[PDB]
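Student:
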Amino acid sequence: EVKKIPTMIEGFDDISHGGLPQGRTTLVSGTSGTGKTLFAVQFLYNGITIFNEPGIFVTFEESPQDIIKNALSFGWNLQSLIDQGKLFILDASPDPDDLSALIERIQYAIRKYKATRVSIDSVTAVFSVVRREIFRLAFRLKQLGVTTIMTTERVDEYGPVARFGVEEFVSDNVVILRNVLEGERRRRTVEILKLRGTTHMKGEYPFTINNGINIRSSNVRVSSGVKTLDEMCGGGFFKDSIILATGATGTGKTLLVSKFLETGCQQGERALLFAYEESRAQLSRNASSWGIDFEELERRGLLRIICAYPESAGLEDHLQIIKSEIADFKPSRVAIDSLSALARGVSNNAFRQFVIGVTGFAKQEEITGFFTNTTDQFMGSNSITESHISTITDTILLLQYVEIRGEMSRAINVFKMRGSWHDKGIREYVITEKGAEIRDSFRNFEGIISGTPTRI
Amino acid sequence: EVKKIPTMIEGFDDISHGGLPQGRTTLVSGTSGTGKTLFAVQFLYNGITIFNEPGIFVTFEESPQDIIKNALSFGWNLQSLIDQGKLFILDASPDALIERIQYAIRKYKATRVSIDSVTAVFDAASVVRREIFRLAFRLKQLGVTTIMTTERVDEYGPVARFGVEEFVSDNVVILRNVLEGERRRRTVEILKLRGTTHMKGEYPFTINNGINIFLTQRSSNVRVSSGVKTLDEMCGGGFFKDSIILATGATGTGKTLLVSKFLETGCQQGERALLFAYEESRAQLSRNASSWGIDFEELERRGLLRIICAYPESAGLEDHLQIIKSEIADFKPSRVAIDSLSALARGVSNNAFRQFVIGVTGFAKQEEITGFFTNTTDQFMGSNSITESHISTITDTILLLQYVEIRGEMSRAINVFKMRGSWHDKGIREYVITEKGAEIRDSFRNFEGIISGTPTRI
Amino acid sequence: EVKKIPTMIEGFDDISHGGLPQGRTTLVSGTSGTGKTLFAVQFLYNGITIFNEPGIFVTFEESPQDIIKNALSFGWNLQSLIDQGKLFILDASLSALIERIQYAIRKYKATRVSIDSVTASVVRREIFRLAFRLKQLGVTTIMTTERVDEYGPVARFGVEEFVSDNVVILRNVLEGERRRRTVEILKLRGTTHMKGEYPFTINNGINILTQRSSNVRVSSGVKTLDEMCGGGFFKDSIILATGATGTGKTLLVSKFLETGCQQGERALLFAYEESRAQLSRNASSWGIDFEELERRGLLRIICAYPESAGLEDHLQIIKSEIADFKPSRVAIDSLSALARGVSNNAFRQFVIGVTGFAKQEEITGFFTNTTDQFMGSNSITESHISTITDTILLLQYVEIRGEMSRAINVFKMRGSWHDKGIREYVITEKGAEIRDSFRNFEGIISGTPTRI
Ligand SMILES: Nc1ncnc2c1ncn2[C@@H]1O[C@H](COP(=O)(O)OP(=O)(O)OP(=O)(O)O)[C@@H](O)[C@H]1O
Ligand SMILES: Nc1ncnc2c1ncn2[C@@H]1O[C@H](COP(=O)(O)OP(=O)(O)OP(=O)(O)O)[C@@H](O)[C@H]1O
Ligand SMILES: Nc1ncnc2c1ncn2[C@@H]1O[C@H](COP(=O)(O)OP(=O)(O)OP(=O)(O)O)[C@@H](O)[C@H]1O
Ligand SMILES: Nc1ncnc2c1ncn2[C@@H]1O[C@H](COP(=O)(O)OP(=O)(O)OP(=O)(O)O)[C@@H](O)[C@H]1O
Ligand SMILES: Nc1ncnc2c1ncn2[C@@H]1O[C@H](COP(=O)(O)OP(=O)(O)OP(=O)(O)O)[C@@H](O)[C@H]1O
Ligand SMILES: Nc1ncnc2c1ncn2[C@@H]1O[C@H](COP(=O)(O)OP(=O)(O)OP(=O)(O)O)[C@@H](O)[C@H]1O
Ligand SMILES: Nc1ncnc2c1ncn2[C@@H]1O[C@H](COP(=O)(O)OP(=O)(O)OP(=O)(O)O)[C@@H](O)[C@H]1O
Ligand SMILES: [Mg+2]
Ligand SMILES: [Mg+2]
Ligand SMILES: [Mg+2]
Ligand SMILES: [Mg+2]
Ligand SMILES: [Mg+2]
Ligand SMILES: [Mg+2]
């Protein structure tokens with residue numbers, strides 16, 4: 018089969034099923050600021066630092082000094098690698114005031138530094160004539176047995192692969208970087224279009240730029266901090282579960298999240314809250330009016346609240362920020378209030394990808410996850426979520442209003458509990474200064490789940 | 018690693034995380050009338066006035082005197098800066127240039143340069162590429178920070194003109210002027226900053242005090264009155280001073296009456312109240328309000344009440360938001376009302392509407408101003424939704440007004456549906472409208488299906 | 018009359034009704050990485066290995082060493098065929127080229143020729167001159183051409199397709215963020231062919254309603270359900286278990302897999318919602334040891350995320366797992382996870398494809414569907430696949446005296462009597478215990494009944 022070398026770019030070696038085909042050129046194509054120079058630098062940097070494989074970077078516009086200065090923001094010390102004879106940056110930029126000769130310089134540098142990896146950025150800038164030129168360069172690098180990245184420009188996100196509609200047909204390997212405007216938000220994706228003679232995953236995969244390009258179960262029980270709800274769940278929530286609290290505006294979801302967080306903290310565990318609707322001040326005032334002291338928990342270093350606006354960032358960026366804070370603070374409990382705030386004005390496919398990411402990540406770290414969903418219908422709603430994420434969750438707590446004798450009551454139901462028995466009751470509950478008080482089912486009523494029951 | 022210098026353009030140093038990379042070119046591209054020359058002038062003006070950094074402005078078309086005259090509409094006095102040798106405008110217009131720019135950078139000790147516009151010179158895409166590279170390289174050599182402005186024909190087509198400029202520059206900024214139905218919406222995007230961080234995608238802005246690009256709020260237990268005794272008891276002692284109140288229900292239920300009481304009660308405590316009315320004139324508002332003994336005309340001429348009447352269709356949402364922000368800043372209300380959010384929502388995208396609501400509500404809470412917003416529902420009975428715009432979760436207290444068919448007549452009932460941080464009455468209370476205003480009575484304890492609008496007596 | 022020579026590329030000879038017109042040029046057009054070189058190579062490889070017909074491969078860019086090394090990934094040993102003088106790779110990396131092609135054809139007595147690729159007004163006469171010379175020599179020719187677009191010009195210059203007697207378009211289409219491979223036979227002058235696009239995958243080269258039906262019964266693994274279905278599921282059937290989140294679809298899957306393995310039969314599960322760990326834990330609550338059944342080699346579970354591959358590629362994985370493991374029983378948990386954010390037409394082709402493969406292999410299929418509406422649903426599935434299935438189990442929530450109860454109906458049962466009851470069931474430690482219908486209620490199917 019066709020042998021591959023690891024890029025060690027995070028997630029890339031998975032989508033390429035091993036890395037880039039050894040001894041061949043890969044075209045990396047994309048619009049301006051897609052991450053082309055980034056991929057090309059990371060390739061050489063990882064080659065040297067992880068595999069002691071020397072590298073040539075050929076630039077046709079940017080100055081060596083600018084390549085080195087840019088890489089500093091990632092903590093990559095390119096100058097050190099130059100001083101060790103591991104990295105050579107070959108300046109092929111034009112005069113501030123041909124072809125055969127360039128191919129000869131690159132060969133001298135390859136043999137002198139004993140380089141196995143080469144990046145060229147960008148061959149677009151040194152330009159049927161284009162076709163034969165990429166072919167000649169690619170031919171000589173193959174003969175010398177190096178693995179090459181050639182970056183190309185493009186103007187349109189979903190039009191031609193490169194610029195002259197020829198490059199991709201010459202290259203054995205084609206990677207496309209995209210930066211797609213989804214409404215007013217940008218979404219970064221990598222695609223492996225083609226790898227001759229070998230396998231790769233197909234279509235677009237999300238990625239972020241942070242630190243370079245970035246593409257188990259148990260019977261253990263854990264408390265909600267509501268005594269009666271623990272009973273209703275069969276002895277409590279599972280430690281390795283995703284919990285969904287869903288229902289109409291004002292029902293009591295933020296109350297249930299408050300109790301979840303506080304309970305982990307009084308067991309001396311850390312809890313992490315991502316709030317997308319309310320400020321820290323308001324969360325704390327409301328919480329104090331339920332008998333919960335978020336301020337004391339915060340002082341003791343047990344509770345961290347991250348407040349952010351959904352429409353401030355793209356979903357992939359929200360997920361990266363979530364992964365970073367978990368890796369840093371190392372919680373045993375994570376809460377999202379609300380998933381429905383993050384779903385507003387985004388494709389359901391983008392949102393479902395986000396939800397699969399957050400929940401996958403929580404279940405890998407064996408973190409207990411509590412997520413809220415506010416329904417659009419305040420009554421008579423025949424669905425758990427409008428985003429159809431039900432099948433991604435282990436436990437579902439249905440909160441709903443019920444008209445009783447001319448007043449708006451409210452009931453709680455453990456709708457789903459994978460792995461355990463649960464109470465089937467639609468149990469009336471009351472909110473007070475002590476938080477949630479759960480009472481009995483409405484025995485002598487029909488049509489409770491409609492919101493407008495009838496006395497039997 | 019890459020250091021930035023402050024632009025002090027309102028909101029830009031936030032999306033750039035500190036401003037523009039020092040010692041490099043930033044491309045600012047846009048269609049005609051997007052704010053490019055404005056951005057270029059403001060970079061130099063703020064450099065001089067705020068950090069004593071001198072600047073060169075290169076024009077290839079516009080006269081110096083027209084650049085100076087145009088800045089005076091923002092109260093920027095460029096001539097005094099030119100008198101002091103802190104600003105120099107280089108006329109490169111029709112009846126090499128690198129030579130002249132470098133002479134001026136030395137002579138004025140300039141650390142900031144604006145070139146407006148680099149398109150007007152440019156023929157071959159290879160010609161423009163090599164030309165923009167040489168200019169950028171010579172300016173970087175001198176150690177100055179540059180903005181080069183560029184033209185485009187399309188809002189979502191090429192970054193620039195020859196599909197090459199954006200690849201040469203270290204830094205690209207796109208100013209857009211999008212037609213959304215018949216309304217224009219200005220946005221700014223940092224596409225790329227080599228070697229550093231930036232916020233991604235488009236941010237709304239307006240042009241008022243130059244370019245103006247626009254969850255850490257306070258929260259108290261302080262109560263304020265609604266002007267309706269029984270409603271204050273239903274809300275557990277009053278509205279919260281730090282809250283957003285939504286009054287929602289079908290046409291004619293009594294939302295505007297509840298706004299009139301909210302505002303009247305503030306003035307009665309000698310506080311300023313501010314009303315934005317998108318459906319009715321001052322004269323109609325005043326006549327209807329006098330039905331309850333409220334004299335809006337006396338409250339206006341004594342400077343306690345200010346009523347702003349406008350049609351939603353007369354401006355884009357971002358410009359409505361600008362008028363609300365500056366009216367709150369001038370008049371300094373304790374209470375602000377919008378009548379109605381439903382009026383502003385029609386024939387605009389849900390995404391742009393929710394952006395507007397986050398913005399007005401977020402700014403009211405920031406300044407600890409009590410906000411009261413109305414929403415008229417499209418279904419006058421049997422509605423299973425609070426709003427069709429789904430803004431419920433952005434509001435703290437929700438008042439639901441509804442019609443209820445009783446004995447072949449249309450009665451109305453009021454419910455405190457939601458009250459963050461307090462107990463509230465759960466009753467669906469019948470009310471009647473008379474000269475006393477809203478008279479709230481008992482819930483209908485003998486009926487089922489009240490919330491459907493067509494009850495059944497048991 | 019036009020005669021065809023067989024390609025023996027899986028599925029090509031059916032859509033072409035025999036193969037490629039003999040003695041003529043077929044144009045194979047596509048964007049980059051559509052399978053053009055793969056097609057041109059397979060044509061020659063299949064000719065030499067199956068029909069002993071010598072071939073010439075003419076390359077204008079790729080080196081012979083690359084073509085040979087690339088073909089090794091499928092275990093096609095092109096070197097041994099070159100060493101036997103059955104294959105010649107002509108390196109052209124126009125009058126002069128035709129000379130060497132003629133000489134080669136004569137020297138090797140070749141009937142098949144691939145030219146890859148001819149892209150590397160004047161083109162029209164060039165392609166015509168080339169196609170003409172090969173027609174006089176009696177060879178059947180593949181000519182590969184490059185496109186810029188998926189639904190734009192057939193080739194590059196807007197003439198190649200008008201000169202060729204036969205045109206084939208390979209597409210690699212972006213549907214949301216997933217790629218879908220299709221082959222279309224646009225035209226074959228002087229003969230018949232199937233019309234429009236046909237799905238394919240690259241697995242062993244290019245891979246592009255008449256089954257048996259017995260009265261043999263198999264157990265659901267739940268006694269009462271076997272009686273409700275009139276003595277068990279049919280061996281030759283597709284079972285759809287459909288209903289709201291948490292009704293017990295996965296429990297029914299676990300029973301159906303277990304009872305198979307406990308008879309010494311192999312079962313295969315495709316899981317798209319839950320990990321092996323969560324599946325095993327939940328299953329061990331009802332006394333099922335998936336790990337043990339796997340250990341004994343009677344169970345195999347495949348866990349994947351829907352969003353990870355396209356549906357053509359999921360269907361390929363399912364077909365190769367069945368071919369390898371040879372199950373009596375197969376489960377998909379769930380079809381609703383696969384339907385999310387793909388087109389309904391794409392989803393339906395996937396369903397017809399997987400049900401057709403189970404049915405022609407005599408494999409009992411058990412698929413789950415979760416309904417979006419948890420109560421009062423007027424439909425079996427939102428995707429409307431009911432008519433592709435033989436047995437339908439409807440699981441639904443029923444409000445009884447302020448509590449959420451559960452009911453099961455055998456809704457359809459092609460070929461057999463079935464119970465008409467909407468029967469209450471409870472999930473306990475013993476699994477699913479099915480009880481009686483609510484005979485004193487009205488509107489049970491609404492989920493909010495009234496006591497009569
Ligand atoms: N330290 C950093 N942290 C976060 N993001 C960064 C960092 N450094 C760079 N970036 C991001 O990476 C981008 C630079 O990508 P890169 O230089 O690879 O672009 P490119 O594809 O080569 O563009 P062009 O074709 O214009 O040269 C910046 O636009 C920025 O968004
Ligand atoms: N001190 C209190 N006494 C009684 N009830 C209270 C008290 N404080 C809050 N509540 C109740 O809690 C409700 C708010 O609960 P919570 O914030 O958890 O709702 P939610 O479902 O998160 O709503 P949303 O997300 O739509 O804002 C109030 O509307 C009120 O009914
Ligand atoms: N004093 C002012 N108050 C409010 N808006 C103003 C004021 N002065 C200018 N503007 C707005 O700014 C616009 C001009 O911005 P600017 O001159 O930067 O455009 P530009 O992008 O440079 O256009 P062109 O490419 O045609 O030169 C005016 O069309 C007007 O809408
Ligand atoms: N003098 C009055 N006496 C009694 N009822 C009155 C009087 N004036 C107005 N009303 C009642 O108040 C209603 C108007 O109240 P208001 O303007 O607040 O309604 P609204 O919900 O804001 O209406 P819209 O949907 O048109 O904006 C009338 O339809 C009527 O029922
Ligand atoms: N052994 C293999 N197993 C699986 N997939 C493979 C294998 N070898 C090749 N592929 C797939 O086939 C593709 C190669 O197709 P092919 O070489 O025919 O492309 P093409 O249409 O000729 O493109 P171009 O015109 O750029 O040369 C790769 O992109 C990869 O997706
Ligand atoms: N040990 C147990 N004892 C009693 N009931 C249990 C037990 N374990 C699970 N359950 C019940 O079984 C349900 C889970 O069944 P199952 O996982 O098959 O549902 P599903 O229809 O596949 O759900 P989903 O929609 O999540 O795929 C729980 O919600 C609960 O009602
Ligand atoms: N031997 C039998 N005894 C009793 N009922 C039977 C028997 N065979 C079939 N049935 C009944 O006939 C039904 C199938 O009838 P038929 O296939 O004609 O339905 P259909 O409406 O065409 O269904 P589809 O939607 O699948 O096309 C079974 O669900 C069952 O009710
Ligand atoms: Mg670059
Ligand atoms: Mg909440
Ligand atoms: Mg201008
Ligand atoms: Mg009104
Ligand atoms: Mg090829
Ligand atoms: Mg399941």
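Chains as they are written, first to last, in PDB author numbering: chain C, 18 to 114, 123 to 152, 159 to 246, 257 to 497; chain D, 18 to 112, 126 to 152, 156 to 247, 254 to 497; chain B, 18 to 110, 124 to 150, 159 to 246, 254 to 497. Ideal Cβ positions, reconstructed from N, Cα and C, are used throughout, including at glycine.
Quick one: is the Cβ of D:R227 within less than 8 Å of any heavy atom of ligand 12?
Tutor: Answer for D:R227: no, Cβ out of range of ligand 12.
Student: Using 8 Å for Cβ pairs, my map puts C:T400 next to C:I246. What's the rounded Cβ distance?
Tutor: In fact, because the Cβ distance is near 19 Å, the residues do not count as touching under 8 Å.
Student: With 7 Å as the C-beta to C-beta threshold (strictly closer), list the residues of the stretch 287-315 of chain C near chain D in chain order.
Tutor: Against chain D - using a Cβ distance shorter than 7 Å - the residues of the stretch 287-315 of chain C are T290 and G291.
Student: Could you have a look at D:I131 and say whether DSSP puts it in helix, strand or coil?
Tutor: The answer is helix: DSSP assigns D:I131 an H, G or I state.
Student: Does at least one heavy atom of ligand 8 sit under 8 Å from the Cβ of residue 157 of chain C?
Tutor: Coordinates for residue 157 of chain C are absent, as chain C skips straight from 152 to 159.
Student: Can you give me the C-alpha to C-alpha distance between C:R468 and C:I223, rounded to a whole angstrom?
Tutor: Those two C-alpha atoms are separated by around 53 Å.
Student: Taking 8 Å as the limit between beta carbons, can you name the residues of its chain near B:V206, skipping five residues before and five after?
Tutor: Same-chain partners within the cutoff: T43, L44, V45, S46, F56, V221, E222, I223 and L224.
Student: Given a threshold of 16 other Cβ atoms within 10 Å of its Cβ, counted over all protein chains shown, does D:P237 qualify as buried or as exposed?
Tutor: Its Cβ being crowded by 16 or more others within 10 Å, D:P237 is buried.
Student: Please confirm whether D:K465 has its beta-carbon closer than 9 Å to some beta-carbon of chain C.
Tutor: Chain C, which has a Cβ nearer than 9 Å to the Cβ of D:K465, makes this yes.
Student: Can you tell me whether B:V192 is buried or exposed? The criterion is at least 16 other CB atoms within 10 Å of its CB, across all chains shown.
Tutor: Looking at its Cβ environment, which holds 16 or more other Cβ atoms inside 10 Å, B:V192 is buried.
Student: In terms of residues, what are the limits of the beta strand (DSSP E) holding C:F335?
Tutor: That residue, C:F335, is in no beta strand (DSSP E); its alpha helix (DSSP H) goes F335 to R340.
Student: Using beta carbons (cut-off 9 Å, strictly below), is B:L44 in contact with chain C?
Tutor: Cβ-Cβ to chain C under 9 Å: no for B:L44.
Student: Identify the contact partners of C:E478 in chain B, using a Cβ-Cβ distance below 7 Å as the criterion.
Tutor: Simply none; closest approach about 18 Å.
Student: For ligand 9, is there any heavy atom lying closer than 8 Å to the beta carbon of residue 115 of chain C?
Tutor: For chain C, the structure lists 114 followed at once by 123, and that leaves residue 115 of chain C out of the model.
Student: What number of angstroms, rounded off, separates the C-alpha of C:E448 from the C-alpha of C:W331?
Tutor: Looking at the two C-alpha atoms, the distance is approximately 22 Å.
Student: Using the DSSP secondary-structure output, state which residues sit across from D:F412 in a beta bridge.
Tutor: Looking at the DSSP assignment, D:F412 forms a beta bridge with D:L285 and D:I377.
Student: From the DSSP output, which residues share a beta bridge with B:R468?
Tutor: B:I453 and B:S482.
Student: Express the C-alpha separation of C:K173 and C:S202 in angstroms, rounding to a whole number.
Tutor: If you take the alpha carbons of C:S202 and C:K173, they lie about 11 Å apart.
Student: Counting along the chain, where does the beta strand (DSSP E) carrying D:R218 start and finish?
Tutor: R216 to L226 is the extent of the beta strand (DSSP E) around D:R218.
Student: With a threshold of 9 Å between beta carbons, is B:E198 in contact with chain C?
Tutor: It does not: the Cβ of B:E198 has no partner Cβ on chain C nearer than 9 Å.
Student: Can you check whether the C-beta of D:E79 is within less than 9 Å of a C-beta belonging to chain C?
Tutor: No - not a single Cβ of chain C is within 9 Å of the one on D:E79.
Student: Can you check which of these residues, D:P372, D:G488 and D:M232, is closest to D:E310 by C-alpha distance?
Tutor: That would be D:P372, whose Cα lies nearest to the Cα of D:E310.
Student: Chain C partners of D:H34, CB-CB under 9 Å?
Tutor: Here the premise fails: no neighbours, minimum Cβ distance about 11 Å.
Student: Going by DSSP in three states, B:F74 sits in which element: helix, strand or coil?
Tutor: B:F74: strand per DSSP, three-state reduction.
Student: Report yes or no: do three or more beta-carbon pairs, one from the stretch 402-409 of chain B and one from the stretch 355-367 of chain B, lie closer than 8 Å?
Tutor: At 8 Å Cβ cutoff, the stretches touch.
Student: Starting from B:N414, find everything on chain C with Cβ-Cβ shorter than 7 Å and list it in chain order.
Tutor: Near B:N414 there are no residues of chain C at all, since even the closest Cβ is about 11 Å away, more than 7 Å.
Student: Run down chain B in chain order and give the residues with a C-beta less than 8 Å from the C-beta of C:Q394.
Tutor: Those within 8 Å of C:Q394 in chain B are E352.
Student: Can you check whether the C-beta of C:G228 is within less than 9 Å of a C-beta belonging to chain B?
Tutor: Yes, C:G228 lies at the interface with chain B (some Cβ there is under 9 Å from its Cβ).
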